[PDB]
């Protein structure tokens, strides 16, 4: 669920997930997808494509189990959707961390109408 996602993002990035990624570029946040503004934004693009491939469980709402073991996110689900969901979220969190070095505040609260339409996933 969004709670696990936020937690993982915090855990990987050390950043307030809502503040940093609740509205960032064309893909991180409440609005759908768009051509990515930068690597951070592309992470969110991939994540949204990850979610859109999922069936059997609600990516936003459904809780799942995971653990933080040797500072790694370990997805603790057997159930294919919740596991896949967990891995979607872990991947974005890792991606966001990986790309903190190009994170640019100027893309925070980016205006959606400034975004090219996203390619199909």
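Residue numbers count along the first chain shown, from 1.
Note on 1-9 vs 111-119: mean CA B-factor is higher in 111-119. When 30-38 is weighed against 70-78, 30-38 comes out higher, by mean CA B-factor as recorded in the entry.
Annotation for residue 52: CA B-factor lies in the highest third of the chain's modelled residues. The PDB entry assigns residue 15 a C-alpha temperature factor belonging to the middle third of its chain's modelled residues.
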